[PDB]
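Colleague: The structure under discussion is supplied below as structure tokens; questions concerning it will follow.
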Amino acid sequence: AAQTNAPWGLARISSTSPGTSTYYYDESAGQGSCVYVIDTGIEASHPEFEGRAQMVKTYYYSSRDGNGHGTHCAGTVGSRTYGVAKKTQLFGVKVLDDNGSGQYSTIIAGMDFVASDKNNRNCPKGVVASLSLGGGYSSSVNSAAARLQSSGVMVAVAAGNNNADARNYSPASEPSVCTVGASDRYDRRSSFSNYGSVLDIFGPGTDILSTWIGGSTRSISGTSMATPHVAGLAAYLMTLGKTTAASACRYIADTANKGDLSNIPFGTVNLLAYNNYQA
């Protein structure tokens with residue numbers, strides 16, 4: 001399948017070169033997979049989600065996304081126009097308040113929630129969790145991400161936006177999950193992207209158009225935007241049967257575009273997520 005005039009990041013993930021604008025992908029499109037977006041919520045009524053999104057858990061007075069961040073990330077995972085895996089099922093877990101903040105204890109509870117809640121959902125092709133959040137190093141936060149991964153969920157986490165080594169941030173620094181840095185449309189490391197040996201992969205993160213609250217759209221930047229590209233890619237590849245939740249991060253690294261990014265510090269992987277789809 002071909003989506004013309006796609007957001008640059010979608011085009012990038014199906015291309016061996018920057019500078020194109022059509023996204024190419026297998027029509028299975030993540031059907032039968034599920035992606036949890038652990039964030040500020042999801043505006044599931046947005047026409048872009050086509051009834052495939054729902055809130056399953058909140059720790060606050062509402063499950064609605066009063067911020068936009070979680071809706072944007074969910075849109076990059078699986079919206080019809082802005083999403084990588086256009087037929088996946090999206091499940092929102094609201095661990096962040098409408099200012100975008102959340103206590104580590106709530107975030108940990110949300111991860112353990114997903115590890116159990118997947119057993120209440122129909123995801124025959126597999127389960128992914130996208131975590132566009134983080135703070136300073138916490139062994140308890142890393143352990144929660146490790147449990148979620150161990151339970152059979154492909155966990156993708158943001159590297160962070162400090163232009164610093166991600167070893168000092170959580171859950172970015174957990175070795176067993178997929179830690180995602182950000183790139184721009186010219187294949188440069190995004191100016192804010194964290195780096196370091198703990199990164200597994202880069203995805204599009206600068207000037208990413210996606211869904212927003214109030215039935216709208218907007219373009220924003222962050223490792224928060226790169227992470228759902230990788231989460232959606234995992235769901236898509238799992239639906240194709242090419243990999244599993246336990247092996248998808250490694251498979252994405254195996255099959256990435258290699259050596260094409262600029263300003264990658266010595267010792268950080270130079271790997272850009274790529275679907276290897278041959279139309």
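Labels for the structure tokens follow display order: chains A, B, ..., residues from 1 in each chain, ligands from 1.
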Taking 2 positions as the minimum chain separation for residues in the same chain, which residues sit within 8 Å of residue A:4 when counting only C-alpha atoms? Answer as a list in words.
Modeller: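 So the residues in contact are residues 2, 6, 21, 22 and 23 of chain A.
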Colleague: Write a file of the just-selected residues containing N, CA and C atoms, as a PDB file, in the first residue's frame.
Modeller:
ATOM      1  N   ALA A   2       0.353   2.333  -0.573  1.00  0.00           N
ATOM      2  CA  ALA A   2       1.055   3.606  -0.664  1.00  0.00           C
ATOM      3  C   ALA A   2       0.142   4.723  -0.175  1.00  0.00           C
ATOM      4  N   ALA A   6       2.365  11.775   2.770  1.00  0.00           N
ATOM      5  CA  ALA A   6       2.390  11.338   4.150  1.00  0.00           C
ATOM      6  C   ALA A   6       3.292  12.249   4.974  1.00  0.00           C
ATOM      7  N   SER A  21       8.091  11.500   0.288  1.00  0.00           N
ATOM      8  CA  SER A  21       6.858  11.860   0.975  1.00  0.00           C
ATOM      9  C   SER A  21       5.745  10.827   0.848  1.00  0.00           C
ATOM     10  N   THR A  22       6.025   9.626   0.361  1.00  0.00           N
ATOM     11  CA  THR A  22       5.033   8.561   0.280  1.00  0.00           C
ATOM     12  C   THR A  22       5.417   7.464   1.261  1.00  0.00           C
ATOM     13  N   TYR A  23       4.449   7.001   2.050  1.00  0.00           N
ATOM     14  CA  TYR A  23       4.649   5.910   3.000  1.00  0.00           C
ATOM     15  C   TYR A  23       4.179   4.607   2.362  1.00  0.00           C
TER      16      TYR A  23
END
Colleague: Could you give me, as a Markdown table, a per-residue list for stretch 66-163 of chain A showing, wherever an atom lies at most 12 Å from an atom of stretch 249-257 of chain A, the closest pair of atoms and their distance in Å to one decimal, using only C-alpha atoms and sorting by chain then residue number from low to high?
Modeller:
| residue | atom | partner | partner_atom | distance |
| --- | --- | --- | --- | --- |
| A:128 | CA | A:249 | CA | 10.9 |
| A:149 | CA | A:249 | CA | 10.8 |
| A:153 | CA | A:249 | CA | 11.1 |
| A:154 | CA | A:249 | CA | 7.6 |
| A:155 | CA | A:249 | CA | 8.5 |
| A:156 | CA | A:249 | CA | 8.2 |
| A:157 | CA | A:249 | CA | 11.1 |
Colleague: Show which residues sit within 12 Å of residue A:51, as a PyMOL selection string. Count only C-alpha atoms, and ignore same-chain residues fewer than 3 positions away.
Modeller: chain A and resi 42-48+54-55+78-80+86-91
Colleague: Keeping N, CA, C and O atoms, export the residues of the selection given above as a short mmCIF file (atom, residue, chain, number, x, y, z; two decimals), in the first residue's frame.
Modeller:
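Listing of out27.cif after writing:
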data_model
loop_
_atom_site.label_atom_id
_atom_site.label_comp_id
_atom_site.auth_asym_id
_atom_site.auth_seq_id
_atom_site.Cartn_x
_atom_site.Cartn_y
_atom_site.Cartn_z
N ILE A 42 -5.92 9.38 25.58
CA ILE A 42 -6.16 9.42 24.14
C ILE A 42 -7.57 9.95 23.91
O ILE A 42 -8.52 9.44 24.51
N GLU A 43 -7.71 10.93 23.02
CA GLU A 43 -9.04 11.39 22.59
C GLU A 43 -9.56 10.37 21.58
O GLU A 43 -9.42 10.51 20.37
N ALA A 44 -10.19 9.31 22.11
CA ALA A 44 -10.59 8.19 21.27
C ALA A 44 -11.66 8.57 20.25
O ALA A 44 -11.79 7.89 19.23
N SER A 45 -12.42 9.63 20.50
CA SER A 45 -13.44 10.07 19.56
C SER A 45 -12.88 10.74 18.32
O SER A 45 -13.65 11.04 17.40
N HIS A 46 -11.57 11.00 18.26
CA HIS A 46 -11.01 11.66 17.09
C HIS A 46 -11.30 10.82 15.85
O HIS A 46 -11.03 9.61 15.86
N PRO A 47 -11.85 11.40 14.77
CA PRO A 47 -12.13 10.61 13.56
C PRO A 47 -10.94 9.83 13.05
O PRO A 47 -11.10 8.76 12.45
N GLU A 48 -9.72 10.33 13.29
CA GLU A 48 -8.52 9.65 12.84
C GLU A 48 -8.32 8.27 13.45
O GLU A 48 -7.58 7.47 12.87
N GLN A 54 -9.40 3.25 22.52
CA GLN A 54 -10.22 3.33 23.72
C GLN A 54 -9.33 3.56 24.92
O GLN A 54 -8.20 3.08 24.97
N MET A 55 -9.87 4.27 25.90
CA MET A 55 -9.25 4.35 27.22
C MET A 55 -9.60 3.12 28.05
O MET A 55 -10.76 2.71 28.13
N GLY A 78 -0.97 4.72 15.36
CA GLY A 78 -2.06 4.03 14.68
C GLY A 78 -3.20 4.82 14.08
O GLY A 78 -4.22 4.23 13.72
N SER A 79 -3.08 6.14 13.94
CA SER A 79 -4.15 6.86 13.25
C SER A 79 -4.12 6.57 11.75
O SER A 79 -3.10 6.17 11.18
N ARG A 80 -5.27 6.78 11.11
CA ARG A 80 -5.42 6.47 9.69
C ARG A 80 -4.45 7.28 8.82
O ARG A 80 -3.84 6.73 7.90
N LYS A 86 -1.82 1.25 10.83
CA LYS A 86 -3.11 1.92 10.65
C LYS A 86 -4.31 1.06 11.00
O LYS A 86 -5.43 1.57 11.00
N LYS A 87 -4.12 -0.22 11.32
CA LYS A 87 -5.22 -1.09 11.72
C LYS A 87 -5.01 -1.71 13.10
O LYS A 87 -5.76 -2.63 13.47
N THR A 88 -4.03 -1.24 13.87
CA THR A 88 -3.85 -1.76 15.23
C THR A 88 -4.97 -1.27 16.15
O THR A 88 -5.69 -0.32 15.85
N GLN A 89 -5.12 -1.97 17.27
CA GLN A 89 -6.02 -1.53 18.34
C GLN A 89 -5.21 -0.73 19.35
O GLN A 89 -4.12 -1.17 19.75
N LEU A 90 -5.70 0.44 19.74
CA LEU A 90 -5.00 1.34 20.65
C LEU A 90 -5.69 1.37 22.00
O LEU A 90 -6.91 1.57 22.07
N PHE A 91 -4.92 1.19 23.08
CA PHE A 91 -5.44 1.20 24.44
C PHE A 91 -4.73 2.29 25.23
O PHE A 91 -3.50 2.27 25.35
#
Colleague: Going by DSSP on the backbone, which residues of stretch 65-174 of chain A come out as strand (DSSP E or B)? List them as a PyMOL selection string.
Modeller: chain A and resi 89-94+126-131+135-136+153-158+165+169-170
Colleague: Please produce an output containing N, CA and C atoms for each residue in the selection, written as a JSON list (two decimals), in the first residue's frame.
Modeller:
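See again.json below for the written result:
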[["chain", "number", "residue", "atom", "x", "y", "z"],
["A", 89, "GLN", "N", -5.12, -1.97, 17.27],
["A", 89, "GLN", "CA", -6.02, -1.53, 18.34],
["A", 89, "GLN", "C", -5.21, -0.73, 19.35],
["A", 90, "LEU", "N", -5.70, 0.44, 19.74],
["A", 90, "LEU", "CA", -5.00, 1.34, 20.65],
["A", 90, "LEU", "C", -5.69, 1.37, 22.00],
["A", 91, "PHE", "N", -4.92, 1.19, 23.08],
["A", 91, "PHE", "CA", -5.44, 1.20, 24.44],
["A", 91, "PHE", "C", -4.73, 2.29, 25.23],
["A", 92, "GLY", "N", -5.49, 3.24, 25.77],
["A", 92, "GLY", "CA", -4.91, 4.33, 26.54],
["A", 92, "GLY", "C", -4.87, 4.05, 28.03],
["A", 93, "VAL", "N", -3.73, 4.34, 28.64],
["A", 93, "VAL", "CA", -3.53, 4.23, 30.08],
["A", 93, "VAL", "C", -3.04, 5.59, 30.55],
["A", 94, "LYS", "N", -3.87, 6.31, 31.31],
["A", 94, "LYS", "CA", -3.55, 7.69, 31.69],
["A", 94, "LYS", "C", -2.80, 7.69, 33.02],
["A", 126, "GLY", "N", 0.07, -9.96, 18.86],
["A", 126, "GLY", "CA", 1.02, -9.49, 19.85],
["A", 126, "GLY", "C", 0.67, -8.12, 20.41],
["A", 127, "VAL", "N", 1.44, -7.75, 21.44],
["A", 127, "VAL", "CA", 1.17, -6.59, 22.28],
["A", 127, "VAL", "C", 2.42, -5.73, 22.38],
["A", 128, "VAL", "N", 2.23, -4.41, 22.26],
["A", 128, "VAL", "CA", 3.27, -3.40, 22.34],
["A", 128, "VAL", "C", 2.84, -2.36, 23.37],
["A", 129, "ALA", "N", 3.81, -1.73, 24.04],
["A", 129, "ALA", "CA", 3.54, -0.59, 24.91],
["A", 129, "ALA", "C", 4.49, 0.53, 24.54],
["A", 130, "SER", "N", 3.94, 1.74, 24.40],
["A", 130, "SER", "CA", 4.69, 2.93, 24.03],
["A", 130, "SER", "C", 4.71, 3.89, 25.22],
["A", 131, "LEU", "N", 5.92, 4.23, 25.68],
["A", 131, "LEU", "CA", 6.13, 5.04, 26.88],
["A", 131, "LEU", "C", 6.93, 6.29, 26.50],
["A", 135, "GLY", "N", 11.95, 10.37, 33.60],
["A", 135, "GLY", "CA", 12.58, 11.32, 34.50],
["A", 135, "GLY", "C", 13.95, 10.81, 34.89],
["A", 136, "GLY", "N", 14.44, 11.23, 36.05],
["A", 136, "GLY", "CA", 15.75, 10.81, 36.50],
["A", 136, "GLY", "C", 15.81, 9.33, 36.82],
["A", 153, "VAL", "N", 5.34, -8.17, 26.31],
["A", 153, "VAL", "CA", 4.96, -6.91, 25.68],
["A", 153, "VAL", "C", 6.22, -6.27, 25.12],
["A", 154, "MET", "N", 6.16, -5.84, 23.86],
["A", 154, "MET", "CA", 7.28, -5.10, 23.28],
["A", 154, "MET", "C", 7.25, -3.68, 23.85],
["A", 155, "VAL", "N", 8.21, -3.34, 24.71],
["A", 155, "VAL", "CA", 8.21, -2.04, 25.37],
["A", 155, "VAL", "C", 9.15, -1.10, 24.63],
["A", 156, "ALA", "N", 8.61, 0.02, 24.16],
["A", 156, "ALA", "CA", 9.38, 1.09, 23.53],
["A", 156, "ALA", "C", 9.31, 2.33, 24.41],
["A", 157, "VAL", "N", 10.47, 2.90, 24.75],
["A", 157, "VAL", "CA", 10.53, 4.04, 25.66],
["A", 157, "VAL", "C", 11.35, 5.17, 25.04],
["A", 158, "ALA", "N", 10.98, 6.40, 25.38],
["A", 158, "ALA", "CA", 11.70, 7.57, 24.89],
["A", 158, "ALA", "C", 13.07, 7.70, 25.55],
["A", 165, "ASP", "N", 23.48, 11.83, 28.04],
["A", 165, "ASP", "CA", 23.51, 10.37, 28.06],
["A", 165, "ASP", "C", 22.27, 9.84, 28.77],
["A", 169, "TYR", "N", 18.55, 8.42, 33.01],
["A", 169, "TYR", "CA", 17.12, 8.64, 32.93],
["A", 169, "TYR", "C", 16.38, 7.31, 32.91],
["A", 170, "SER", "N", 15.14, 7.32, 33.39],
["A", 170, "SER", "CA", 14.32, 6.11, 33.47],
["A", 170, "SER", "C", 12.94, 6.38, 32.90]]
Colleague: Hey, what's within 8 Å of stretch 66-70 of chain A if we count only C-alpha atoms and toss same-chain stuff fewer than 5 positions away? As a ChimeraX atom specification, please?
Modeller: /A:37-42,97-100,212-213
Colleague: Hey, which of A:177, A:238, A:146, A:159 ends up closest to residue A:124? Count only C-alpha atoms.
Modeller: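 Checking each candidate against residue A:124, we get A:238 as the closest.
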Colleague: Quick one: of A:245, A:189, A:278, A:216, who's nearest to residue A:265, counting only C-alpha atoms?
Modeller: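 Closest residue, counting only C-alpha atoms: A:189.
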Colleague: Please provide the set of residues having any atom within 9 Å of residue A:190, restricted to only C-alpha atoms, with same-chain residues fewer than 4 positions apart removed, written as a list in words.
Modeller: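 Surrounding residues, per the criterion: residues 163, 181, 182, 183, 184, 194, 204, 205, 206, 221, 222, 223 and 263 of chain A.
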Colleague: Which neighbours of residue A:5 fall inside 12 Å, counting only C-alpha atoms, when residues of the same chain fewer than 3 positions from it are skipped, and could you give them as a ChimeraX atom specification?
Modeller: /A:2,8-11,19-24,81-82,209
Colleague: Select from stretch 100-202 of chain A everything DSSP, run on the backbone, classes as alpha helix (DSSP H), then give the selection as a list in words.
Modeller: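 The residues of stretch 100-202 of chain A classed as alpha helix (DSSP H) are residues 104, 105, 106, 107, 108, 109, 110, 111, 112, 113, 114, 115, 116, 117, 139, 140, 141, 142, 143, 144, 145, 146, 147, 148, 149 and 150 of chain A.
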Colleague: With only C-alpha atoms as the basis for distance, which of A:161, A:219, A:210, A:101 is at the shortest distance from residue A:49?
Modeller: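 For residue A:49, the nearest of the candidates is A:210.
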Colleague: Closest to residue A:64 among A:28, A:96, A:112, A:147, using only C-alpha atoms?
Modeller: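 Counting only C-alpha atoms, the residue closest to residue A:64 is A:96.
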Colleague: Of the residues A:115, A:29, A:141, A:148, which is the one nearest to residue A:173, using only C-alpha atoms?
Modeller: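 Residue with the minimum atom-to-atom distance to residue A:173: A:141.
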Colleague: Using only C-alpha atoms, which of the listed residues (A:123, A:35, A:220, A:111) sits closest to residue A:142?
Modeller: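 Using only C-alpha atoms, residue A:142 sits closest to A:111.
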Colleague: If you count only C-alpha atoms, which residues fall within 8 Å of residue A:228, apart from same-chain ones fewer than 3 positions away, as a ChimeraX atom specification?
Modeller: /A:73-74,76-77,130,132,156,224-225,231-232
